[PDB]
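Undergrad:
Protein chains in written order, with the authors' numbering: chain J, 324 to 376; chain E, 1 to 42; chain A, 1 to 42; chain C, 2 to 418; chain B, 43 to 118.
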């Protein structure tokens, strides 16, 4: 519980999102140069973006 | 000037499809000199 | 200026009333050169 | 079921801006500020019982084209990459609420600020807009009229309709619902169907969708002349007492004289008129509107790239590399095809054919003269005013007044059965 | 200023990293294309089949260049 509380406090602290990834409800977007291969495994839900590097 | 990449590479130096086409219109330029006269800079 | 002609519609080169009066203040100028250095042009 | 929601906007007919101005926009929004004006158009055409006209709206196709132009010019504001909805104006008009509910006069600051310069032949995806993505019902309700606009703007000719024949469509509920329209006309059936579709989007293979497809097939078969009183499709057909009239009325009817034999299978194709006189034919526009309402959740087949201009090619949901061909026809020649098919079938005589031909010729002459006069007036107005150029009707060319592929289209529709 | 113009990849109001930018092209700004050029000098052909339709890059013009190229026409 202590570790979880510390993690949640870190999440709720101040700052910004410094990554180019932002959530959308349409689909799960995968960067071009990510090691993930889930898009090849599945047939629906995941979309790979070529311009996202 | 060899190259080698792991997993993936957005650019391939020794690959195919690259273009080498020097032309007069394109030329090649940098910043060689600028106007920094003392009177004109003030 | 303009050698000889006979039209006399708008201006008459061979007519009267024209004045030829050079002076230092008027001088004579054109576009001889411009500042087209690559560094300044960017 | 449809998976991609894309639409195309109107293109400039030689001008440098969307062919609409403040006067036309105000006349359109005269009785309601909602840009979605399908019900208003239905009320204006007045069941197609006569020739509707006005000072700024000479024909029904004129109003249809103006609705398309207004939507094309206005929707480009919330579809900018910044996705802001109410910070810029288009012809002294601004959106009210992010949910695209109505158009109002711009505030004083926006009026002082410059307006938006719209572009031509833009293709947009509905899911890009956050609110449309969030709300499925709203998107499905809007996409019907968006699909109708796309079906009108896809080519330079008249609107496009979809004809399908399939025996497995018929069922008990379909029969029960169809039997209720025994004495009604095509316009009334279209009115009721469109209102029902507006109230509730249809599903992929619903009773309403199947009945709509059946009704469209029946109407087009009767129009060509394959199906009549002495040759019925399961004892159903459409009757027209005055063929070739300026305002034709078609009535659903049943007959027990004979039923044609239908080969098993599923067949379909795409029809369109080419002659400019489609502007004064309510039935064709209503058929196109019904196809557009169907396109909400049905995912019709693809249209071949070679039948559309370059700017309309490779649309994700509409056009494709290998697709169905578009068949275009001319009304005056199709009348002759109808008469000839009936005469060969043996239910019409030479004198009746001659009377129909004379009436059709008179109607064609009248419509041609009126359309040319209106086009000339529009040209003169555009010449006079260089800052508020407009068009009151979709532009056409002189070549479109001749017969095209009418024979091939008639043969294909006949072979559909 | 000088250089080339950049645009936000995908969503806007989210530019916090250099990896979220990409060079702007004539596709993003249609009125910079050849077909939309004002052909008052007659350089661009009037035949639709002879006008290329491809994507092109964009560059930023400095005010020094603007002034000098404007003064160039005075010679003419």
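Note that the Cβ used here is the ideal one computed from N, Cα and C, for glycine as well.
1. The alpha helix (DSSP H) with residue 198 of chain C in it runs from where to where?
2. Please confirm if the stretch 318–328 of chain C is in contact with the stretch 341–350 of chain C, defined as three or more CB-CB distances below 8 Å between the two stretches.
3. Quick check: residue 8 of chain C and residue 140 of chain C, are their CB atoms within less than 8 Å of each other?
4. Under 8 Å, with one C-beta from each stretch per pair, do the stretch 144–155 of chain C and the stretch 282–301 of chain C reach the 3-pair mark?
5. Counting contacts by CB-CB distance shorter than 8 Å, is residue 68 of chain B in contact with chain J?
6. Please go through the same chain and pick out, in chain order, the residues whose beta-carbon is closer than 6 Å to the beta-carbon of residue 418 of chain C, but skip the five residues on each side of it.
7. Assuming residue 123 of chain C and residue 77 of chain C make a contact with CB atoms under 8 Å, what is their CB distance in whole Å?
8. Is residue 37 of chain A close to chain E, meaning its C-beta is less than 8 Å from at least one C-beta of that chain?
9. Between residue 365 of chain C and residue 334 of chain C, which are expected to be in contact by the criterion C-beta below 8 Å, what is the C-beta distance as a whole number of angstroms?
10. Starting from residue 183 of chain C and walking both ways along the alpha helix (DSSP H), at which residues does that stretch end?
11. Rounded to whole angstroms, what is the Cα-Cα separation between residue 394 of chain C and residue 53 of chain C?
12. Mind listing, in chain order, the continuous beta strand (DSSP E) runs of no fewer than 3 residues lying wholly within the stretch 309–379 of chain C?
13. Could you tell me whether the Cβ atoms of residue 248 of chain C and residue 49 of chain C are closer together than 8 Å?
14. Could you tell me the distance, in whole angstroms, from the CA atom of residue 74 of chain B to the CA atom of residue 48 of chain B?
15. What are the boundary residues of the beta strand (DSSP E) that residue 9 of chain C is part of?
16. Figure out for me which residue from A/38, A/36, A/13, A/8 has the closest Cα to the Cα of residue 1 of chain A.
17. Given a cut-off of 8 Å, decide if residue 350 of chain J and residue 369 of chain J are closer than it, judged by their beta-carbon atoms.
18. What is the DSSP secondary structure of residue 229 of chain C, counted as helix, strand or coil?
19. Using 8 Å as the threshold, is the C-beta distance between residue 233 of chain C and residue 259 of chain C below it?
20. Residue range of the beta strand (DSSP E) that residue 264 of chain C falls in?
21. My output table needs one value for residue 50 of chain B: the three-state DSSP class, helix, strand or coil.
22. Under three-state DSSP, which class holds residue 8 of chain A?
23. Is the separation between the beta-carbon of residue 80 of chain C and that of residue 116 of chain C shorter than 8 Å?
24. I want to verify the contact list: residues of chain B whose CB lies under 7 Å from the CB of residue 339 of chain J, in sequence order.
25. Below 8 Å between beta carbons: does that hold for residue 61 of chain B and residue 358 of chain J?
TA: According to the structure data:
1. Counting along the chain, the alpha helix (DSSP H) containing residue 198 of chain C begins and ends at 187–200.
2. Taking 8 Å as the limit for Cβ pairs, the verdict is that the stretch 341–350 of chain C does not touch the stretch 318–328 of chain C.
3. No. Outside cutoff.
4. Cβ pair count under 8 Å is three or more, so yes.
5. By this cut-off, residue 68 of chain B is not an interface position.
6. Taken in chain order, the residues that qualify are 227.
7. Contact between residue 123 of chain C and residue 77 of chain C holds, since their C-beta atoms are separated by about 7 Å, short of 8 Å.
8. Yes, contact with chain E.
9. In this structure, residue 365 of chain C and residue 334 of chain C do not form a Cβ contact; the two beta carbons are roughly 10 Å apart against a cut-off of 8 Å.
10. Under the DSSP assignment, residue 183 of chain C falls outside any alpha helix (DSSP H); it carries neither an H nor an E label.
11. Using only the alpha carbons, I get a separation of about 14 Å.
12. Those beta strand (DSSP E) runs which fall completely within the stretch 309–379 of chain C and span 3+ residues are 327–330.
13. Residue 248 of chain C is a Cβ neighbour of residue 49 of chain C, given a cutoff of 8 Å.
14. Rounded to the nearest angstrom, the two C-alpha atoms are 15 Å apart.
15. First-last of the beta strand (DSSP E) with residue 9 of chain C: 7–9.
16. Of A/38, A/36, A/13, A/8, the smallest CA-CA separation from residue 1 of chain A is found for A/13.
17. Yes, these two residues count as a Cβ contact at 8 Å.
18. DSSP places residue 229 of chain C in strand when its eight states are reduced to three.
19. Yes, they are a contact pair.
20. Under the DSSP assignment, residue 264 of chain C falls outside any beta strand (DSSP E); it carries neither an H nor an E label.
21. In the structure shown, residue 50 of chain B sits in a strand (DSSP, three-state: E or B).
22. The answer is coil: DSSP assigns residue 8 of chain A none of H, G, I, E or B.
23. Not a contact, by the Cβ cut-off of 8 Å.
24. Ordered by position in chain B, the residues that pass the 7 Å Cβ test against residue 339 of chain J are 58.
25. Not closer than 8 Å, so no.
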